[PDB]
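Accompanying notes for the structure given below.
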Number of protein chains: 2
Amino acid sequence: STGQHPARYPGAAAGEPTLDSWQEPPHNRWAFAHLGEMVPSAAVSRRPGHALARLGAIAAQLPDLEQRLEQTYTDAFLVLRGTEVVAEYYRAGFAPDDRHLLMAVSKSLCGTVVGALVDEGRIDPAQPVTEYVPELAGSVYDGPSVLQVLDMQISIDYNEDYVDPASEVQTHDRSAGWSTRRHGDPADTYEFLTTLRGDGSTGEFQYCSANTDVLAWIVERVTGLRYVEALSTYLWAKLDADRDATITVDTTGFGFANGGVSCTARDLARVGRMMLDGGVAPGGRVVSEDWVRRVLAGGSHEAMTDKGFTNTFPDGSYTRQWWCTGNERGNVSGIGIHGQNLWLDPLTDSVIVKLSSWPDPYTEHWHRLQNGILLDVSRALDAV
Amino acid sequence: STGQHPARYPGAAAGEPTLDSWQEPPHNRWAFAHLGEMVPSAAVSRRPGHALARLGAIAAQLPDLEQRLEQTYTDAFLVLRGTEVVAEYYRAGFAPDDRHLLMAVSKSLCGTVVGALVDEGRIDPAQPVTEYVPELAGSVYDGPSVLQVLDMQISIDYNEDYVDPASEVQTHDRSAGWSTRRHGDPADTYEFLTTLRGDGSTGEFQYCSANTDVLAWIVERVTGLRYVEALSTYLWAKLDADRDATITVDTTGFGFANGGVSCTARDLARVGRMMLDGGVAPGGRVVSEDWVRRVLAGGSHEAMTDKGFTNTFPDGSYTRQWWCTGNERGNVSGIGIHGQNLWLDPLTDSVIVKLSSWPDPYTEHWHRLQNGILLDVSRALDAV
Ligand SMILES: NCCCCCC(=O)O
Ligand SMILES: NCCCCCC(=O)O
Ligand code: NA
Ligand code: NA
């Protein structure tokens, strides 16, 4: 058992509706107004081809920028200096207002929601995960603190070989609906999390997407809100965003917090703007000044043993769902596979959003090229 | 085999991507920008409870209207007189700009797209279905004309007992993704259609949702466009709609033309406005004056043997995916289970949209109440 979860709608029974019951009362009143949450759906455009390149200023300092963006399978690119959009790029076929999957940049959004609840005193990072989700007792999450989940400093037996269906990575996707279910798979994401085990050691960084879903579960238990709603209430609805964001949901309606959010590049930049504004957004304060300060400060360097990150950023670290480069510019970034970045450049009070679709989830090759672009663009914003 | 179908994206292989391949190249470039088409997803609101009742004028002639709307599980109600919204109602929890499933009102939208292609000379209703979809040879659709599909005058062995999983109604839903698949089910909607049989007789009305999906298939074969795109290009994009509409799609990306469209009440009214404007919309002509005239004129009365319809509308009929009351007002309406109506009242140059969620798909009880409301509202618009 995974305990109480926020009902899909007011008064809904646990796990209702399902793909086989949404047309039945009393579920249909809700389902008829949110069918996309139950059945894959396509947009029928209200609007009746070519790449849009408006790199403005930085174009002079980076003459071959568009080509570099093409080489890194860039779909959407936007630079926000202060409150102004100073550079934009959208591939042919991708409109400026189209939404794009954020992959793990979604994690930084989840950490932000947790941060908001910490400010309210609803979540104490020093407390064990089980203080909020007792059902995780007996799992790898029995013992570690919420902060250790936030900083991903929990050793977990997590097979990362996607080529193997038995791997935890593939199983995580199947449990959430990102891939076709197989006989024996956990019923939902909550159940999947309870099956995770580890040797009990903590303190060393281990990137694991399951950690973020545990954070979302904690958010639900402390607020009583579906993660989908909590993400809106504590973050999205305060950004004065142009469009709603979307998030994939599993069979119980639980949002895939670790990587299922989609939004426009301009709106994602509003999240960065909030971080560079001490945690304040147009609709109100999202997180405390202290939380933002802690994110920019970075996590323990000693815990960061991922050579894939430290080879590029020797003094890098990770904290509260954000990757911290530890470079001379103090760059911090939300990162997602296939080339997604919500890059913060505090020195120039700028935010760089790059949403892409590399053929591979991750290779040193793509990261070298991607980071080269983000760093060059950041430097191009320096006063001269 | 079901023949050629519009690729999900430029250059996509048949049936790609699937739930298990969307993260792989070259599918991911498209999938990352349209994930809702692959995985159930929820909206994360950009906006931070009570029913909204603005029945305006008709309120005086129909004092208990709001109560009548509540009794018929009304979610959204809107009356457009000419180009003006003269009355509106939205239940608590349903925003004026929220979208609602249209169920079979979706059929009238599909018929409109077919009508547009008839005007272009791309579709000849007198031609057999097989002239456009040869793969339907050997099925109940081998012999009948496209017009007979439009008017639903084809006898089909179609078990309507949803309580039975083997029924065609339940099988249709499973083949399209509206319900959990079962071993042996057709792979997609196209395949399901090819399994349909009948005694060969035609001429008598038989309401069958499979007919509309055949129309959508014809649309795809004649235009080379996914039905989702054709619905936008030939109709939605010409309405100057406030929001995109959405349509559920099966595993191949084929839109559920017979009942999977969702849109706002105000936008649905724009479709009615176009019909009352001789087929012209703000973005251009959608269908010919003749097509609209034929819809308002009705189908053959003798073909209409559905007592459930004729008991209320003795001179009623059906043509080109629209129900024609044949009443003294010449009312015509798009109709969907659970209380959906796109009701046309030419006498007062008005359109009435009623989107609901009755607990039951259909009962004489609900229809009596629903039609009573639509008729009373129509009469309340008459000059006095
Ligand atoms: N298991 C689906 C991928 C989740 C995103 C992970 C990442 O972007 O690092
Ligand atoms: N098989 C799903 C229902 C399709 C809608 C049918 C109707 O509204 O009449
Ligand atoms: Na905080
Ligand atoms: Na026409």
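In the text below, chain A, chain B and the rest are named by the order of the sequence lines, each starting its count at 1. Numbering of ligands and ligand atoms starts at 1, following listing order.
Ranking the protein heavy atoms by distance from atom 7 (C) of ligand 1 puts A:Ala104 CB, 3.0 Å first. The closest protein non-hydrogen atom to atom 9 (O) of ligand 1 is A:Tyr207 OH, 2.7 Å. From the protein, the heavy atom lying nearest to atom 4 (C) of ligand 1 is A:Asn258 OD1, 3.4 Å.
Between A:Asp306 and the options A:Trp323, A:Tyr318, A:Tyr207, a side-chain contact (heavy atoms from CB on, under 4.5 Å) holds for only A:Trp323.
For A:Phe254 and A:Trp217, the distance between ring centers is not under 6.0 angstrom.
The distance from ligand 1 to the heavy atoms of A:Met103 drops below 4.0 Å at these ligand atoms: 8 (O). For ligand 1, the atoms lying closer than 4.0 Å to a non-hydrogen atom of A:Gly336 are 8 (O).
A donor-acceptor pair shorter than 3.5 Å can be found between the side chains of A:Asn211 and A:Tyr141. Side-chain contact, A:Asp161 with A:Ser167: no donor N or O sits under 3.5 Å from an acceptor N or O. Side chains of A:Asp119 and A:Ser288: a donor on one and an acceptor on the other come within 3.5 Å. Side-chain contact check for A:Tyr162 and B:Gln23: no donor-acceptor pair (N or O, by modelled atom type) lies under 3.5 Å. Checking B:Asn28 against A:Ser357 by side-chain atom types alone, no donor-acceptor pair falls below 3.5 Å.
Among the backbone and side-chain atoms of A:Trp291, no N/O/S atom is found under 3.0 Å from the Na ion (ligand 3). At a cut-off of 3.0 Å, B:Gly115 coordinates the Na ion (ligand 4) through an N, O or S atom. Between the Na ion (ligand 3) and A:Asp290 there is no N/O/S contact shorter than 3.0 Å.
Residue A:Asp173 has at least one N or O atom closer than 3.5 Å to an N or O atom of ligand 1. Between A:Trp178 and ligand 1, no pair of N/O atoms sits closer than 3.5 Å. The shortest N/O to N/O separation between A:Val169 and ligand 1 does not fall below 3.5 Å.
Rounding to the nearest 0.5 Å places CZ of A:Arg320 at 14.0 Å from SG of A:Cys110.
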